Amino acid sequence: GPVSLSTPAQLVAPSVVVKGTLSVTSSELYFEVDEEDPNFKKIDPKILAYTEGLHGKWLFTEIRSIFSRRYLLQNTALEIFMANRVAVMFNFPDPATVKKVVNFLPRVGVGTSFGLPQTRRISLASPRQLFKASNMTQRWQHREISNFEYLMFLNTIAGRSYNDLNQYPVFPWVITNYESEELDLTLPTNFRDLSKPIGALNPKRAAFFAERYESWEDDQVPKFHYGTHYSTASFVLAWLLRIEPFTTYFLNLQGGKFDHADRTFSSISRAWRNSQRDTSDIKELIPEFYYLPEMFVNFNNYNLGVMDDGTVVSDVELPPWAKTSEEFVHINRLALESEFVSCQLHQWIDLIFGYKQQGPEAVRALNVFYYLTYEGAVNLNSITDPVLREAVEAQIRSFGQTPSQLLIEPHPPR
């Protein structure tokens, strides 16, 4: 029918990011991939298969929330949540286009769940304002909301999305013990100190980081502790390699064949041990660890290979205290919702979204990441040469993106 607005745009999904045309009528919006685009023709069919929205139609009456979003650090995207819980994300040429598209879409704001006004303005408000205006924190303190739900909240308001693997939601490691036959949930010794970044948990390696920072002479590039981030599209793929379509997404970007068995996710204990010792691995966890046991099972009877010591890779090797993947997720969740976590979870939040994310307080906590990682680090529309824009964004896609800062003051305890 008659289109009130039309703009070039990119569909952002876990599978791909394709250029196309986003149209907005008076009753719905729809997207059409540009099949004449070169980069499109290159894309592989097994992947485009799992993609939703290439020829999508979304009815206004079904729209529940509309969130302002970044994409590769640019404040030029938008994620829309439907009544059937489906979410679709688009990226636009500039922030001006976002405002316009928002003014043509139903006035629902950010939804009803976060105790925020349902105005088009709320849908464009900054993460900091959403935080400040919400009642989720209080609800979290009154235990009306779980730790899990509150974390998803912080992640959502910060711009983290399941649609963009480059800004995946970030959840903390909580259990440190993957050896014992039993996991005593009352042993403070079995819990991760949430006040410290992964890079600081290991005193031996922490010294290494402290010294890199100290001696880094920055003519142009600010000092930093990690040239690696805690959240990446790669990590996500590795974590969920056992689950389709992620298996296909992984196989595709890798070259058709799995990774070197000695590097694919195969043990929880091994993954944790590595995040503790390897100077290039200070990785945090993923929400699925606390609710999707399927990622730990090689249900698809895929190859996956054999490590150099002869260990065959199949289901993920669980700790002795977890006989099944379901038991593993169940205990992970108990841990997350335990009082041990509730009494200190705000200190982790200060590192990830809080006042310890940047500046003096960040250096004190050993929480400084590569500067290209923070919002505002680079203006992509500033790069007129396309080949070059593509390169810098490949570096962003690769270095990771620190979540939008939600507050600059200490986060209140639960």
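Counting begins at 1, following the sequence as shown.
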Avg C-alpha B-factor, entry values, 157 to 165 vs 171 to 179, higher side is 171 to 179
Mean Cα B-factor comparison, 293 to 301 or 198 to 206, giving the higher one as deposited
293 to 301
Which listed residue, 378, 388, 349, 365, has the largest C-alpha temperature factor in the record?
378
Per the deposited entry, the peak Cα B-factor within the set 220, 332, 126, 231 goes to 220
If you rank the chain by CA B-factor, which third does residue 311 end up in: lowest, middle or highest?
highest
What third of its chain, lowest, middle or highest, does the C-alpha temperature factor of residue 118 fall into?
middle
In terms of the CA temperature factor given in the entry, to which third of its chain does residue 372 belong: lowest, middle or highest?
middle
Assigned third (lowest, middle, highest) for the C-alpha B factor of residue 20
highest
What third of the chain does residue 39 rank in for C-alpha temperature factor, lowest, middle or highest?
highest
